[PDB]
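Here's the structure, in structure tokens; my notes come after.
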Amino acid sequence: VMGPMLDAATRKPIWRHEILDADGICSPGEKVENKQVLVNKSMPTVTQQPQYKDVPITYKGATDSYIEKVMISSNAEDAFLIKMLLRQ
Amino acid sequence: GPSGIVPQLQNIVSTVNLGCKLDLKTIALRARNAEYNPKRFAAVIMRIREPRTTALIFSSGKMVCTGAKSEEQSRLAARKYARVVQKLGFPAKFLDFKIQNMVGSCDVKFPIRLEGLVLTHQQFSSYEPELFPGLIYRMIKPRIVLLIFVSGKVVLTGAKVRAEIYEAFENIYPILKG
Amino acid sequence: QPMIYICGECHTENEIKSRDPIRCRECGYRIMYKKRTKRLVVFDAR
Amino acid sequence: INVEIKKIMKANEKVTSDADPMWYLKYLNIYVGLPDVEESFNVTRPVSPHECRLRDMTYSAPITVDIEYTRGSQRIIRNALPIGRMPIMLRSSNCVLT
Amino acid sequence: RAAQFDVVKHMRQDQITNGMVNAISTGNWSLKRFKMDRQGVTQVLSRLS
Amino acid sequence: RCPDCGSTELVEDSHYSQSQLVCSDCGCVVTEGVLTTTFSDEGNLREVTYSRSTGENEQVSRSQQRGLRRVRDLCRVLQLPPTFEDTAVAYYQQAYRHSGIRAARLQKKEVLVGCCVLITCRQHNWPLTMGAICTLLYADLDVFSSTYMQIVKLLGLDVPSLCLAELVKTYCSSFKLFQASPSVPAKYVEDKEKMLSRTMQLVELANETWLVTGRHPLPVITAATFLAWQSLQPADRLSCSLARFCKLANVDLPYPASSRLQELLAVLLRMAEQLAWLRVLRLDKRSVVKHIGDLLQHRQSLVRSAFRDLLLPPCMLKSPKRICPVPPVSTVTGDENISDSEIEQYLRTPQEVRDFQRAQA
Ligand SMILES: [Zn+2]
Ligand SMILES: [Zn+2]
């Protein structure tokens, strides 16, 4: 996960990365709108350096939602896991 | 500069083409120092106390010599073996002398924290303490293989001339110090 | 500088900023939560 | 848990190979222990149901047997050999909650 | 091998756990002994209230 | 580029349900509508490995399929997550290409499977003793090592080092000291975390004192555990022996465990001499058992002070006044022949020739 890329003109993140924190994941208490991104994930094209391609977890829906909490954990297979709880 | 300690050679390996056919059984029979045991291996071994060396003779007309401290001593030992073979009745000759290997060792007189060396040189410095106490390091200029120990001693092998051992020691010394 | 997480029970501040396994430094727990956002938000009293 | 496992094990307590006989394998007893999770360095810790709900894991306990078998000699016994893992119904006899 | 082997080197663990865990989750209990293929024997607990 | 304006300000955008690409500079659609799969065929989806799709997996020799099945079964009998199994099978498949490895004897292939699963578990930092894996293979430890070095040299792959901390974590849990079993008195049950911390700090002390480099870690770890357990209640455990300890714990003690323990005791006395109360009390190897926590409390400063007095192999710490003496120069090889009676001395007389002929008749 890469941090929110920052606009060279206004010196702030582009609109689509509005709510992301410095570590590329949403921040509890913020308001998300339709078509923003919750987790700026990119994965490598292995399917000389392997190029990555982006696959963000976008938020869909007809109404804005508020984020209540965001947790992190690792399984035994060292797979990171993120769960978000959205409110209306 | 050096720490005042020069690497010391411990073994030298050399071989020659005898250029004639030989019989293992005849050499074993006619020589006091010969050992022959075809049931285990089809070759005759040789020993002389000066230069202190062990050698082998083969019916194909080949000899290998080892145990000397210097390449000239190994050549002397090999020529002594060739003299013995010739006086045993074989028309042997000293053709195509070559040095194959020589082993040296040295010391730095300070403790070596091998973990740092493996953590900075893992690409070439193979460390594994379980099966073998010493660290193993292979370096390229020249093509030498090194063994390293916590007491500060080092063993060097794979060279042809003492200059290679000296060059390798001088290159490694700054790495050993830090 | 790094992002500070909150553990499961002890809620003592924890920090990762790397690919390390998610494990609290004090207790063996392996769950974390992000701290609340720094910015403000604006609500309607209706 | 308390009786039927024992009944099954007694119903299939023994086995042997037809080739090269006098070699056999006998079970003696079987147990189901308590719930836990595999830590990534071969250790375990007890876990409450809610942790499992959050981590998407499975809530289960280990199955262990004590075995008798022959290899040259017949005096070879193991006491705590695991065979598998059993899901645990919440609030049953072995659940942490009861 | 002429030297005797021990079965201890072939105590498989996955088959029991898979055979149970998947059986509960998918909700089918196929059994060759009775040629029985039962469906819909498990459900997700409904947390409406 | 926009056909209407030539610009490159095109941004893909979606209306309420229409996916489209619009020249944001001038508002002119250039690509709209898409085609996608459906959920009705989602449950019908299958998979064919690309290798099987390309016609591969038919060349697997019976011995190759046997060996990969060995990789799988070995991996699975240790309840490892499947990622390790698939990585190990990939490593074994990668190995199988070289002619010098496919051409080998059966035990070679078995040990290959062993060392392969070993390198994979090392890659994931997972601690495991080579002894146990040798126990789970028919082959012998020496051939195991020989092939291990052969393969690491052949492939030159990374070999992450075996961390001591993780090994302590794995090995400590193995004991039965922490449950009130009928076979052991309750006198010898403690807190697992306190025991772990005592042993952890002792092990790091041993590490920093040069007690671990170039030697077996399992005996030093065992000793540290024994002393930690004794120190947690010196009142009675001081009367217990390490042999009794391993009997109680059902642990195969390494032969050099006693020697490692003695070395650590010597280091312990060298440490005890630093502190005022300990040095005044004139302690000994036995009675010191009841101050190890105190020593560990102030480990760092006292050990830094003590180093100014290092540790090296005690065998060569016997004050060698001479180190690597320079041998005399004897590089001279003569001119052509320094002597000739040597050949006469190294050849048999006809009597001894007949004697040799009759020797082995
Ligand atoms: Zn915590
Ligand atoms: Zn345009």
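Please note: Cβ atoms are built from the backbone with ideal geometry, for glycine as well, and neighbour counts cover all protein chains shown. A short reminder: the numbers here are calculations on the coordinates, not readings from a lab.
From the list D:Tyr24, D:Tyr69, which one is within 14 Å of chain E (Cβ to nearest Cβ) and either within 18 Å of the chain's Cα centre (by Cα) or hydrophobic (A, V, I, L, M, F, W, C) (or both)?
D:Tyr69
Can you tell me which of A:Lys31, A:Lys35 is surrounded by fewer than 17 Cβ atoms within 10 Å (Cβ to Cβ) and at positive phi?
A:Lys35
For segment F:277-296, give me each residue that is among the charged types (D, E, K, R) and over 23 Å from F:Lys194 (Cβ atoms).
F:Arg279, F:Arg282, F:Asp284, F:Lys285
Of the conditions (1) buried (at least 18 other Cβ atoms within 10 Å of the Cβ); (2) not in a loop (DSSP other than H, G, I, E, B), F:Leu211 clears all except one; give me its number.
Result: F:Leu211 passes all but (2).
Yes or no: segment B:138-160 includes at least one residue that is in contact with a strand residue (DSSP E or B) (Cβ under 8 Å, 6 or more places away or on another chain), under 30 Å from B:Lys21 (Cα atoms) and not in a helix (DSSP H, G or I).
Yes, some residue in segment B:138-160 is in contact with a strand residue (DSSP E or B) (Cβ under 8 Å, 6 or more places away or on another chain), under 30 Å from B:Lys21 (Cα atoms) and not in a helix (DSSP H, G or I).
Can you report the number of residues in segment C:9-20 which are surrounded by 12 or more Cβ atoms within 10 Å (Cβ to Cβ) and either within 9 Å of chain A (Cβ to nearest Cβ) or within 16 Å of ligand 2 (Cβ to nearest atom) (or both)?
1
Quick one: count up the residues across segment F:134-170 that are more than 9 Å from every other protein chain (Cβ to nearest Cβ), in a helix (DSSP H, G or I), over 30 Å from E:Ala3 (Cα atoms) and more than 13 Å from the chain's Cα centre (by Cα).
2
Given (1) part of a loop (DSSP other than H, G, I, E, B); (2) of a type in the set (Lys, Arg); (3) within 25 Å of F:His15 (Cβ to Cβ), where does A:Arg11 come up short, assuming only one miss?
(3)
I'm told F:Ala186 meets every condition in (1) in contact with a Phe, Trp or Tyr (Cβ under 9 Å, 6 or more places away or on another chain); (2) among the hydrophobic types (A, V, I, L, M, F, W, C); (3) over 30 Å from F:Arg304 (Cβ atoms) except one. Can you identify the failing condition by its number?
(1)
Helices (runs of 4 or more DSSP H) wholly in segment F:267-361 with at least 2 residues that are of a type outside the set (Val, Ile, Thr) and within 14 Å of another protein chain (Cβ to nearest Cβ) - which ones?
Of the helices (runs of 4 or more DSSP H) lying wholly inside segment F:267-361, those with at least 2 residues that are of a type outside the set (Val, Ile, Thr) and within 14 Å of another protein chain (Cβ to nearest Cβ) span F:341-345, F:350-357.
Looking at C:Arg46, C:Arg36 in this structure, which one is farther than 22 Å from D:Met57 by Cβ and facing another protein chain (nearest Cβ under 9 Å)?
None of the others qualify; the one that does is C:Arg36.
Looking at (1) more than 8 Å from every other protein chain (Cβ to nearest Cβ); (2) outside any helix (DSSP H, G or I); (3) of a type outside the set (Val, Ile, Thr), which is the only condition B:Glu167 fails?
Of (1) more than 8 Å from every other protein chain (Cβ to nearest Cβ); (2) outside any helix (DSSP H, G or I); (3) of a type outside the set (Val, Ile, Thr), only one is false for B:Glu167: (2).
Residues that are out of contact with any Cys (no Cβ under 6 Å at 6 or more places or on another chain) and within 14 Å of another protein chain (Cβ to nearest Cβ), at least 1 per element: which strands (runs of 3 or more DSSP E) completely within segment F:1-117 meet that?
Strands (runs of 3 or more DSSP E) meeting the threshold: F:10-14, F:19-23.
If we keep just the residues of segment A:43-88 that are surrounded by 14 or more Cβ atoms within 10 Å (Cβ to Cβ) and among the small types (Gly, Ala, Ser), which is nearest to D:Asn42 (Cα to Cα)?
Going through the qualifying residues, I end up with A:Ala76.
Taking segment F:205-246, which residues are more than 13 Å from every other protein chain (Cβ to nearest Cβ) and either of a type outside the set (A, V, I, L, M, F, W, C) or in contact with a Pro (Cβ under 8 Å, 6 or more places away or on another chain) (or both)?
The answer is F:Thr222, F:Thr225, F:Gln230, F:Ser231, F:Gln233, F:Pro234, F:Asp236, F:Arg237, F:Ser239, F:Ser241, F:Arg244.
Any residue in segment B:115-129 that is at the interface with chain F (Cβ under 10 Å from one of its Cβ atoms) sitting within a Cβ distance under 8 Å of a residue that is acidic (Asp, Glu)? List the pairs, counting only those 6 or more apart or interchain.
Listed by first residue and then by second, the contacts come to B:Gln122/F:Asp158; B:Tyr127/B:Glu115.
So which of C:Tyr29, C:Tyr5 ends up being near ligand 1 (Cβ under 9 Å from one of its atoms), buried (at least 16 other Cβ atoms within 10 Å of the Cβ) and either facing chain A (nearest Cβ under 9 Å) or part of a loop (DSSP other than H, G, I, E, B) (or both)?
C:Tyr29
If a residue has to be in contact with a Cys (Cβ under 8 Å, 6 or more places away or on another chain) and among the charged types (D, E, K, R) to count, how many in segment B:35-55 make the cut?
Going through segment B:35-55 one residue at a time, the tally reaches 0.
Under 7 Å between Cβ atoms, at least 6 apart or on separate chains: pull out the pairs that start in segment F:232-250 with a residue that is part of a loop (DSSP other than H, G, I, E, B) and end on any residue that is basic (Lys, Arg).
F:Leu232/F:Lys194; F:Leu232/F:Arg198; F:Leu238/F:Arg286; F:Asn250/F:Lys176
Looking at this structure, is F:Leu10 of a type outside the set (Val, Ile, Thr), within 16 Å of ligand 2 (Cβ to nearest atom), closer than 28 Å to A:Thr47 by Cβ and surrounded by 10 or more Cβ atoms within 10 Å (Cβ to Cβ)?
yes
Suppose the filter is more than 9 Å from chain E (Cβ to nearest Cβ) and hydroxyl-bearing (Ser, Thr, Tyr); does D:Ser60 pass it?
Criteria not met by D:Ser60.
Quick one: which of A:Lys41, A:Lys83, A:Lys35 is more than 13 Å from every other protein chain (Cβ to nearest Cβ) and under 13 Å from the mean Cα position of the chain (by Cα)?
Answer to the selection: A:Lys41.
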